[PDB]
Structure formats: structure tokens, C-alpha cells
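Peer 1: One file: start01.cif (mmCIF, C-alpha atoms).
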data_data
#
loop_
_atom_site.label_atom_id
_atom_site.label_comp_id
_atom_site.auth_asym_id
_atom_site.auth_seq_id
_atom_site.Cartn_x
_atom_site.Cartn_y
_atom_site.Cartn_z
CA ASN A 1 -6.29 -4.99 -7.29
CA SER A 2 -3.79 -4.47 -10.10
CA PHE A 3 -4.78 -7.25 -12.49
CA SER A 4 -5.75 -5.39 -15.67
CA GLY A 5 -7.13 -6.42 -19.02
CA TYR A 6 -8.67 -9.78 -18.06
CA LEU A 7 -11.85 -11.25 -19.49
CA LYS A 8 -14.24 -12.56 -16.85
CA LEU A 9 -15.30 -16.14 -17.49
CA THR A 10 -17.11 -16.82 -14.22
CA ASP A 11 -17.53 -15.20 -10.82
CA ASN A 12 -13.97 -16.15 -9.91
CA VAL A 13 -12.06 -17.14 -13.09
CA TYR A 14 -10.45 -14.52 -15.33
CA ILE A 15 -8.31 -14.99 -18.45
CA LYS A 16 -5.84 -12.90 -20.45
CA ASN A 17 -3.51 -13.41 -23.44
CA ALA A 18 -0.22 -12.66 -21.64
CA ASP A 19 3.20 -13.99 -20.76
CA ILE A 20 2.93 -15.14 -17.16
CA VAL A 21 6.47 -13.93 -16.47
CA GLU A 22 5.67 -10.41 -17.63
CA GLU A 23 2.36 -10.41 -15.77
CA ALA A 24 4.11 -11.48 -12.57
CA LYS A 25 6.81 -8.84 -12.94
CA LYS A 26 4.18 -6.13 -13.39
CA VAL A 27 1.68 -7.17 -10.71
CA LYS A 28 3.93 -8.83 -8.10
CA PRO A 29 1.09 -11.10 -6.99
CA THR A 30 0.97 -12.80 -3.64
CA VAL A 31 0.98 -16.20 -5.37
CA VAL A 32 2.18 -17.24 -8.82
CA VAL A 33 1.60 -20.85 -9.85
CA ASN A 34 4.31 -22.89 -11.53
CA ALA A 35 3.56 -25.83 -13.82
CA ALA A 36 6.00 -28.12 -12.02
CA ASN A 37 7.08 -31.72 -12.32
CA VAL A 38 7.55 -34.04 -9.36
CA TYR A 39 11.31 -33.44 -9.25
CA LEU A 40 11.01 -29.63 -9.41
CA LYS A 41 13.34 -29.65 -12.42
CA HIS A 42 12.44 -26.38 -14.12
CA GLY A 43 13.79 -27.03 -17.60
CA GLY A 44 11.13 -26.07 -20.09
CA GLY A 45 7.70 -24.66 -20.61
CA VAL A 46 6.31 -22.33 -17.98
CA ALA A 47 8.67 -23.69 -15.33
CA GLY A 48 11.76 -23.01 -17.42
CA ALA A 49 10.57 -19.47 -18.12
CA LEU A 50 9.80 -18.70 -14.49
CA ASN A 51 13.10 -20.15 -13.32
CA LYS A 52 15.09 -18.16 -15.89
CA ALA A 53 13.37 -14.96 -14.73
CA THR A 54 14.65 -15.65 -11.19
CA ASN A 55 18.22 -16.08 -12.46
CA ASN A 56 18.09 -19.76 -11.40
CA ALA A 57 17.28 -18.95 -7.76
CA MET A 58 14.08 -20.98 -8.08
CA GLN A 59 16.05 -24.05 -9.13
CA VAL A 60 18.57 -23.74 -6.27
CA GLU A 61 15.72 -23.47 -3.76
CA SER A 62 13.90 -26.37 -5.39
CA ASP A 63 16.93 -28.66 -5.29
CA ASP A 64 17.21 -28.06 -1.54
CA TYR A 65 13.49 -28.83 -1.14
CA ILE A 66 13.80 -32.16 -2.97
CA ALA A 67 16.95 -33.12 -1.07
CA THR A 68 15.06 -32.60 2.21
CA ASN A 69 11.54 -33.82 1.33
CA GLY A 70 11.77 -36.03 -1.74
CA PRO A 71 9.65 -35.72 -4.86
CA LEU A 72 6.13 -34.40 -4.97
CA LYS A 73 3.17 -36.56 -6.01
CA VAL A 74 1.31 -35.99 -9.26
CA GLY A 75 -1.61 -33.81 -8.23
CA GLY A 76 0.36 -32.37 -5.34
CA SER A 77 2.00 -29.06 -4.59
CA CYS A 78 4.42 -27.16 -2.41
CA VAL A 79 4.75 -23.49 -1.54
CA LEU A 80 8.20 -21.95 -2.01
CA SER A 81 9.48 -18.42 -2.46
CA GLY A 82 8.32 -16.26 -5.35
CA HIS A 83 11.75 -14.60 -5.57
CA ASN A 84 11.52 -11.47 -7.74
CA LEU A 85 8.16 -12.49 -9.26
CA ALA A 86 5.74 -12.86 -6.34
CA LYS A 87 5.66 -13.36 -2.60
CA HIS A 88 5.17 -17.11 -3.00
CA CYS A 89 5.31 -19.64 -5.78
CA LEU A 90 2.84 -22.52 -5.62
CA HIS A 91 4.50 -25.37 -7.50
CA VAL A 92 1.68 -27.64 -8.70
CA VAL A 93 2.14 -30.95 -10.52
CA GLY A 94 -0.49 -31.72 -13.10
CA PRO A 95 -0.47 -35.07 -14.90
CA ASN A 96 1.77 -35.38 -17.95
CA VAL A 97 -0.29 -37.22 -20.57
CA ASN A 98 2.87 -37.84 -22.59
CA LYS A 99 4.14 -40.01 -19.58
CA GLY A 100 0.81 -41.87 -19.31
CA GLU A 101 -0.27 -40.16 -16.10
CA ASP A 102 -3.93 -40.24 -15.15
CA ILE A 103 -5.79 -37.17 -16.42
CA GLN A 104 -8.18 -37.47 -13.46
CA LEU A 105 -5.34 -36.13 -11.28
CA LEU A 106 -5.81 -32.77 -12.97
CA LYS A 107 -8.76 -32.14 -10.64
CA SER A 108 -6.56 -32.89 -7.61
CA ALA A 109 -3.94 -30.51 -8.99
CA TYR A 110 -6.44 -27.65 -9.27
CA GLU A 111 -7.78 -28.29 -5.75
CA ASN A 112 -4.48 -26.93 -4.42
CA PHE A 113 -5.52 -23.50 -5.70
CA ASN A 114 -8.36 -23.38 -3.15
CA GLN A 115 -5.85 -22.86 -0.32
CA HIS A 116 -5.01 -19.36 -1.67
CA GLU A 117 -7.33 -16.41 -2.02
CA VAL A 118 -5.89 -15.02 -5.28
CA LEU A 119 -3.54 -16.66 -7.78
CA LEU A 120 -1.86 -15.85 -11.09
CA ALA A 121 -1.64 -19.16 -12.95
CA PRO A 122 -1.13 -20.99 -16.22
CA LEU A 123 -3.47 -23.69 -17.44
CA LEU A 124 -2.31 -26.90 -15.81
CA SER A 125 -1.26 -29.88 -17.90
CA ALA A 126 -1.34 -27.79 -21.09
CA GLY A 127 1.61 -27.18 -23.35
CA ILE A 128 4.34 -29.78 -23.03
CA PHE A 129 2.31 -31.75 -20.49
CA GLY A 130 0.10 -32.92 -23.35
CA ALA A 131 -3.46 -32.40 -22.13
CA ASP A 132 -6.17 -30.63 -24.06
CA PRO A 133 -6.25 -26.98 -22.91
CA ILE A 134 -10.03 -26.78 -23.36
CA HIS A 135 -10.44 -29.66 -20.91
CA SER A 136 -7.98 -28.07 -18.48
CA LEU A 137 -9.98 -24.83 -18.47
CA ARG A 138 -13.21 -26.76 -17.82
CA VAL A 139 -11.66 -28.59 -14.86
CA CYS A 140 -10.34 -25.27 -13.55
CA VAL A 141 -13.75 -23.59 -13.68
CA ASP A 142 -15.44 -26.57 -12.06
CA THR A 143 -12.87 -26.99 -9.28
CA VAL A 144 -11.40 -23.67 -8.22
CA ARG A 145 -13.48 -21.49 -5.88
CA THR A 146 -10.88 -18.80 -5.14
CA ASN A 147 -9.91 -16.00 -7.51
CA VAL A 148 -7.72 -17.20 -10.36
CA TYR A 149 -6.20 -15.05 -13.08
CA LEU A 150 -5.12 -17.24 -15.97
CA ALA A 151 -2.36 -16.16 -18.35
CA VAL A 152 -2.32 -17.85 -21.75
CA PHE A 153 0.77 -17.13 -23.83
CA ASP A 154 -0.43 -18.29 -27.27
CA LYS A 155 -2.91 -15.88 -28.86
CA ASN A 156 -4.44 -18.55 -31.11
CA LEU A 157 -5.09 -20.77 -28.09
CA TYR A 158 -6.48 -17.86 -26.08
CA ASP A 159 -8.98 -17.06 -28.84
CA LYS A 160 -10.02 -20.73 -29.04
CA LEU A 161 -10.49 -21.01 -25.27
CA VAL A 162 -12.69 -17.91 -25.15
CA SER A 163 -14.74 -18.71 -28.23
CA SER A 164 -15.47 -22.29 -27.16
CA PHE A 165 -16.27 -21.57 -23.52
CA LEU A 166 -19.49 -22.98 -22.04
#
The structure given in the file should be rewritten as C-alpha cells.

Peer 2:
Amino acid sequence: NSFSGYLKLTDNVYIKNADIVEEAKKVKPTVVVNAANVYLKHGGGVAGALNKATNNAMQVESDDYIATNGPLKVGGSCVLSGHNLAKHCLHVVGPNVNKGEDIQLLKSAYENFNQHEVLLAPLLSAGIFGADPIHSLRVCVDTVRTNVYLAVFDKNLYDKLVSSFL
């Protein structure tokens, strides 16, 4: 495939210092993962960046989804269009530690990845969701069995994740 420049961490987990939006635009993967909230309100972080890259089409689609189906659960997911970024977008809700949500739900969140053969993804519950990115990477490695290409925007965090990996 057309994923280039990744470091192999395990048989099935790869990592790169990259902007997920730029990666998606270049590769046009089958599935890109969004770091969603339960309301699919794509205001900030990865979600805000992905939505902006779709010219707000992702938000319009998401609002229709919520109006029909109601909010997601923490740990849950839905598959919507990938618009100009991918064939599909897997919107996955990791726990937000800043809201007091149970970090154990991070494992449930990553289990959604196992329904897809190849994914381009961020680290769940990192960034504005408040969890430790080292822990998120560990849960990813221990949970996901399909092929996952992780994009980490911050170079200092990328270097720390690689150099502390075990």
C-alpha cells in the first residue's frame, strides 16, 4: 500500500510524525478514524481539523446522524462518509478524562478498530481528551489486531512515544 515513512512498532501497529489530515489527503485510505465525542460536535482537536478539511460536510452529516439515532456511547463508534479524505470515517469516542469518564473505556474504544482491516488513526483519548498518550499507545498495541497506522502531530510527543516503547 501507499503508507510511507512509518516506524513499525509491532506486527500490525505503525507510527509516524504526521498531520492526520495531510496523511489522509495523500493516501486516501479506506478508513480514517476521528477522535469524536458522543454528540459528534467536531469543534476542536483532531475532529475540528478533519471537519474543517471537509468544508464542514462532516458536521452536516453528523448532525443528521444524531438527529436520527441519538448520541453515541463512550467507547462506541459509528461509520460515516470519509468525504474528500477517505472512503469512510470511523468516529470513535474515547473517554474524556477531563469530564471524569472511565479510562477503562479506552479499551472498548480501540476494539472498534478490529472491524476494519486497515485504518489511519490518531491516538485515542490523547490531546484535549486528557489521557496519557503513552498509556493510549499501550492499550492500542494490546487491543488492536488489524493494521493501524498512527499519525502523531507533535514531534516531541512522537519522539517520547517511540523512545519509551516496550

Peer 1: From the options A:111, A:16, A:78, A:7, which residue's atoms come nearest to residue 40 of chain A, counting all atoms listed in the file?

Peer 2: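 Using all atoms listed in the file, the shortest distance to residue 40 of chain A belongs to A:78.
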
Peer 1: Please indicate the distance in Å from atom CA of residue 98 of chain A to atom CA of residue 114 of chain A, rounded to one decimal place.

Peer 2: 26.7 Å

Peer 1: In the coordinate frame of the file, compute which residues have an atom within 12 Å of (-17.1, -27.8, -14.7) when using all atoms listed in the file, and state them as a ChimeraX atom specification.

Peer 2: /A:10,13,107,110,134-145,165-166

Peer 1: Residues within 10 Å of segment 58-75 of chain A, please, as an NGL selection string. Count all atoms listed in the file; anything in the same chain fewer than 3 positions from it doesn't count.

Peer 2: :A and (36-43 or 47-48 or 50-55 or 78 or 80-84 or 89 or 91-96 or 101-112)

Peer 1: I need the output of the PyMOL selection byres ((chain A and resi 146-157) around 6) for this file as a compact mmCIF listing (two decimals) with C-alpha atoms, keeping the file's coordinate frame; which residues are they?

Peer 2:
# COMPACT_ATOMS: atom_id res chain seq x y z
CA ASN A 12 -13.97 -16.15 -9.91
CA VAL A 13 -12.06 -17.14 -13.09
CA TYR A 14 -10.45 -14.52 -15.33
CA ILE A 15 -8.31 -14.99 -18.45
CA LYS A 16 -5.84 -12.90 -20.45
CA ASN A 17 -3.51 -13.41 -23.44
CA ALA A 18 -0.22 -12.66 -21.64
CA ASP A 19 3.20 -13.99 -20.76
CA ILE A 20 2.93 -15.14 -17.16
CA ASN A 114 -8.36 -23.38 -3.15
CA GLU A 117 -7.33 -16.41 -2.02
CA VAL A 118 -5.89 -15.02 -5.28
CA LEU A 119 -3.54 -16.66 -7.78
CA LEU A 120 -1.86 -15.85 -11.09
CA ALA A 121 -1.64 -19.16 -12.95
CA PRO A 122 -1.13 -20.99 -16.22
CA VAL A 144 -11.40 -23.67 -8.22
CA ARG A 145 -13.48 -21.49 -5.88
CA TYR A 158 -6.48 -17.86 -26.08
CA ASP A 159 -8.98 -17.06 -28.84
CA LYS A 160 -10.02 -20.73 -29.04

Peer 1: At the level of N, CA and C atoms, write segment 7-25 of chain A to a file as a CSV table (one decimal), in the first residue's frame, please.

Peer 2:
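Once everything was written out, this is decode12.csv:
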chain,number,residue,atom,x,y,z
A,7,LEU,N,7.3,4.0,11.2
A,7,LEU,CA,8.1,3.1,12.0
A,7,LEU,C,7.2,1.9,12.4
A,8,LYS,N,7.7,0.7,12.4
A,8,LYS,CA,7.0,-0.4,12.8
A,8,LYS,C,7.2,-0.6,14.3
A,9,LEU,N,6.1,-0.7,15.0
A,9,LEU,CA,6.2,-1.0,16.4
A,9,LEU,C,5.9,-2.4,16.7
A,10,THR,N,4.9,-3.0,16.1
A,10,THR,CA,4.6,-4.4,16.2
A,10,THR,C,4.3,-5.0,14.9
A,11,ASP,N,3.8,-6.2,14.9
A,11,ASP,CA,3.4,-6.8,13.6
A,11,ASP,C,2.4,-6.0,12.9
A,12,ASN,N,1.5,-5.3,13.6
A,12,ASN,CA,0.4,-4.6,13.0
A,12,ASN,C,0.2,-3.2,13.3
A,13,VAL,N,1.0,-2.6,14.2
A,13,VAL,CA,0.9,-1.2,14.6
A,13,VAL,C,2.2,-0.4,14.0
A,14,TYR,N,1.9,0.7,13.4
A,14,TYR,CA,2.9,1.5,12.7
A,14,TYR,C,2.6,3.0,13.2
A,15,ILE,N,3.7,3.8,13.2
A,15,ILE,CA,3.6,5.1,13.8
A,15,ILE,C,4.4,6.1,12.9
A,16,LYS,N,3.9,7.3,12.8
A,16,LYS,CA,4.6,8.4,12.0
A,16,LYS,C,4.3,9.7,12.7
A,17,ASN,N,5.3,10.6,12.6
A,17,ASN,CA,5.1,12.0,13.0
A,17,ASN,C,4.4,12.7,11.8
A,18,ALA,N,3.1,12.9,11.8
A,18,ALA,CA,2.4,13.5,10.6
A,18,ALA,C,1.1,14.1,11.1
A,19,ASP,N,0.7,15.1,10.3
A,19,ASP,CA,-0.7,15.6,10.4
A,19,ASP,C,-1.7,14.6,9.8
A,20,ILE,N,-2.6,14.1,10.6
A,20,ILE,CA,-3.5,13.1,10.0
A,20,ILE,C,-4.3,13.6,8.8
A,21,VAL,N,-4.6,14.9,8.8
A,21,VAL,CA,-5.3,15.5,7.7
A,21,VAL,C,-4.5,15.4,6.4
A,22,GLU,N,-3.2,15.8,6.5
A,22,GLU,CA,-2.3,15.7,5.3
A,22,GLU,C,-2.1,14.2,4.9
A,23,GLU,N,-1.9,13.3,5.9
A,23,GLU,CA,-1.8,11.9,5.5
A,23,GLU,C,-3.0,11.5,4.8
A,24,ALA,N,-4.2,11.8,5.3
A,24,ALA,CA,-5.4,11.3,4.7
A,24,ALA,C,-5.5,11.8,3.2
A,25,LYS,N,-5.2,13.1,3.1
A,25,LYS,CA,-5.3,13.7,1.7
A,25,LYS,C,-4.4,13.0,0.7
